[PDB]
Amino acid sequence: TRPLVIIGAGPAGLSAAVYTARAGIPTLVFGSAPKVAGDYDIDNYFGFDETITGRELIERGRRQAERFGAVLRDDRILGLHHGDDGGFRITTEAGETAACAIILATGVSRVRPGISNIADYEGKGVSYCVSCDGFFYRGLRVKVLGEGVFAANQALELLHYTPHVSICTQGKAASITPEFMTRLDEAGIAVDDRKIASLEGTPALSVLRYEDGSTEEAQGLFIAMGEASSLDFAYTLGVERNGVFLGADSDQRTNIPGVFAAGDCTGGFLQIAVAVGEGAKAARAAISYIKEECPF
């Protein structure tokens, strides 16, 4: 089992990776280019008296982490679960892997579902965590909302509870890879790009209303838009939330041992300067955690 995985390759995850790798801990970082990493002027990050682009600042962060031995991977994470037993099981598009300690640095970027009355059906049909709520919809007709590999994997997990699963990409282009498409086809899980306008049903969800005015029956709607997010991981790990953010103490510890959180996903002042300090503090906490708990 690896001692440490960092999920996130923005300022928080990279600042943390620099510190952990310098302390001699084999460091594996998962993440892709953050949203800030484009042609945007950064002018308020300490130490840069001349304008630097987000793309270039992040690129220097990456070279900095690699300089001290951090390995950076572009793999998207699909799920995080407590391992059986001990440490954490990390689901990626490529397969599985495992880690003794996790630093969550996945930011707050989120594809939104775009359903006018979705809030009316929270707890009554609309769910998020499959391991959490899947059993309640066993044998039932369940729709997964989302366009990506995350949606595809959530749909496949749902098969543990019901054979009656399909995916709606909510008007978006699907970005499901051919390997996942194969798996969906083999399982009889259909994918279409219809757009759900609203939900219907009187004690609970029973009908999806498409922007057409056409309808489909479903008693379960699992939201899985875009990429798996900090909230999605929180649901499966049992990490306590603070509104839409992860709860973290001043040392970036969550309520789950071995799980730390840093950057935008702990939501205060959503800035590079802030993320870089949280990443550093998370690293310090992880390093001492690993020394007591994870031999390597």
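Residue numbers run from 1 along the displayed sequence.
- The PDB entry reports B-factors from which the mean C-alpha value can be compared for 123-131 and 143-151; the larger average falls on 123-131.
- For the pair 179-187 and 218-226, the mean Cα B-factor is higher in 179-187.
- Set against one another, the Cα B-factors of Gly213, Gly171, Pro113, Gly107 in the record reach their highest point at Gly213.
- Of the candidates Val244, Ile42, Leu270, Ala261, the PDB record gives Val244 the highest C-alpha temperature factor.
- When the CA B factors of the chain's modelled residues are split into thirds, the value for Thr53 lands in the lowest one.
- In the PDB entry, a CA B factor belonging to the highest third of its chain's modelled residues is recorded for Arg22.
- Ranked within its chain, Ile7 lands in the lowest third, by CA B factor from the PDB record.
- Annotation for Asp74: CA B-factor lies in the highest third of the chain's modelled residues.
- When the modelled residues of the chain are ordered by C-alpha B-factor, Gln64 sits in the lowest third.
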